[PDB]
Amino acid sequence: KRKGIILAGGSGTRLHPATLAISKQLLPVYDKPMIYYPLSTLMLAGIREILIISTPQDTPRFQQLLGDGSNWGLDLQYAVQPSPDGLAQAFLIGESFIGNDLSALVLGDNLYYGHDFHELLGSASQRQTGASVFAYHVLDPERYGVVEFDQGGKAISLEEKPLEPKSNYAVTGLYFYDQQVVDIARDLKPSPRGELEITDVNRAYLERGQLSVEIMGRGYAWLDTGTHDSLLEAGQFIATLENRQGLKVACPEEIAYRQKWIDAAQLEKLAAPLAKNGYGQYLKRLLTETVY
């Protein structure tokens, strides 16, 4: 079975003053808190048992929003990150949560969208050995881990934030790991910046021949929310799809309902308190519409 982890840590001061109010991942993308999207993403890969790592100060705030997840058929747990020592520390912090299980790590500020996303996540979640990551063509690969391919399409190198990228293929912030991830991670020492890097972990799988790098196609939307401009862009986007469709993106209640993790009576009950606004009215409509 596969446990999940959301890294919803500090972005420091780089989005202040917006974020003096609350954590980045509490800020909304259009109509719902940023963290609903990566949560919804782990739910879509069929993952029910999730660890949220954030700062000591923001843990309670996430707790208040999300609880223990039992309202939605989930078991949500929390772990505090004291210092921003890199995202590969997620595995050490999360070491007893993980235990002997498989895992998935997602960034709390990435936004995914597209057709058959459920199936793309299934095929990486389905593999019970090695590691699986997604490469997505971007304008600015310097901002991310960057995968290099040989003429045959096989991954041959990874580099973290290179000043001179080998490709425009960025590694997305959504990752799948077998039971080897903790131990590889424990053998890491901090990078020149002073962080435990996810790229160093993925590289170790690569050298073992156990890294699968699947392409996320250009028909998928991968966005993030690292600047005020891009956050804004992300809101417009979702808003446009939602107002077009009469359907929501990353509605956790709906997803749990479609995963069969809660039933129509439980859904109606979550809808009860929110009946006056468009969101509770949306969850009520899902009881009596067939949506393909």
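All residue numbers are counted from 1 along the displayed sequence.
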Q: Identify the stretch, either 157-165 or 86-94, whose C-alpha atoms have the larger mean B-factor according to the entry.
A: 86-94
Q: Tell me which of 263-271 and 240-248 has the higher mean C-alpha B-factor in the deposited entry.
A: 263-271
Q. For the listed residues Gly73, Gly173, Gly217, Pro192, which one has the largest C-alpha B-factor as given in the deposited model?
A. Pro192
**Q.** Residue of maximum C-alpha B factor among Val133, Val138, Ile184, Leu120, per deposited coordinates
**A.** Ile184
Q) Lowest, middle or highest third: where is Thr227 by C-alpha B factor in its chain? A) highest
Q: Would you check the entry's CA temperature factor for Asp58 and let me know if it's in the chain's lowest, middle or highest third?
A: highest
Q: Sort the modelled residues of this chain by their C-alpha B factor and say whether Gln180 lands in the lowest, middle or highest third.
A: middle
Q) Among the modelled residues of its chain, does the C-alpha B-factor of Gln81 lie in the lowest, middle or highest third? A) highest
(Q) Is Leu111 in the lowest, middle or highest third of its chain when residues are ranked by C-alpha B-factor? (A) lowest
